[PDB]
């Protein structure tokens, strides 16, 4: 049996864990918390860590542990299951990308259609959308969006984007709050994560849902896709089946378990989501490196400068 450190959604992790158990008969305990805590928790424990597998929602968390020489190398077969143009690769082949969640723009189909949207998420910080576009300045995805713009266009365009949003758009406490707002007819559209919406339409019933998602594509900064992955620790005493778990995670069946409950694009190409998701490669997400401490530091300071925090 193994103990998994999970930074992923408990629902998404639960699915993979139980399906894994049916397929093999191996029990997988779960330790759930944010991707950061677990990574540092694993740093403090070191060679004396209970963690057998680290199921992180973010790649940096995997990186810090890879840079700290704590992760066990995965068989090329495993890391190959989800290989594809734009997918994150472990320099030391010591962790593997599993799923991806994208940035989107949900809008009110009662008022707007596609021809009514922008070709760049950047054009939303203009007078054309004064109080017509919403955002969540305190979201971790909103921070990633800053970090990505800076990396794709430069600091100048990032701060300009932020000041324009503050000047025109409208801030919402959480992502779901920005979606309900669009669904109520309080605001035309809003910048959110595709996952929060799929789960809303499935629960209600798409025919009772007025909101719709828009994807910018074109390697736009608005097409930013964040990846999740999994890794095994060198301190594992069940490395035998810890590997098997990460291998399941990347394998078609494991991909099917997650996508049966989660709306995250499968990196394994032989998998069909139960959610209306186009192949991940079709999103045309821009190429970007992992976010660093100083990078978040930088983006957070830009939020202060924009007057959002």
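Residue numbers count along the first chain shown, from 1.
Novice: Please work out which of 127-135 and 148-156 has the higher mean CA B-factor as recorded in the PDB entry.
Specialist: Stretch with the higher mean C-alpha B-factor: 127-135.
Novice: Averaging only over Cα atoms, indicate whether 270-278 or 46-54 has the higher B-factor in the PDB entry.
Specialist: Mean B over CA atoms: larger for 46-54.
Novice: Choose from 235, 207, 194, 214 the residue with the greatest Cα B-factor as stated in the PDB record.
Specialist: So the option with the highest C-alpha B-factor is 235.
Novice: Considering only 78, 120, 226, 113, which residue's Cα atom bears the greatest B-factor as recorded?
Specialist: By C-alpha B-factor in the record, 113 ranks first.
Novice: For residue 105, does the deposited CA B-factor place it in the lowest, middle or highest third of the chain?
Specialist: As the PDB entry reports it, the C-alpha B-factor of residue 105 lands in the lowest third of its chain.
Novice: Quick check on the deposited entry: does the C-alpha B-factor of residue 28 sit in the lowest, middle or highest third of its chain?
Specialist: Its C-alpha B-factor belongs to the highest third of this chain's values.
Novice: Using the B-factors in the PDB entry, rank residue 140's C-alpha atom against the chain and give the third, lowest, middle or highest.
Specialist: Ranked within chain, residue 140 CA B lands in the lowest tercile.
Novice: Within this chain's modelled residues, let me know which third the CA B factor of residue 69 belongs to: lowest, middle or highest.
Specialist: Top third by C-alpha B-factor.
Novice: Compared with the other modelled residues in the chain, in which third is the CA B-factor of residue 165?
Specialist: Within its chain, residue 165 is a lowest-third residue by C-alpha B-factor, going by the deposited values.
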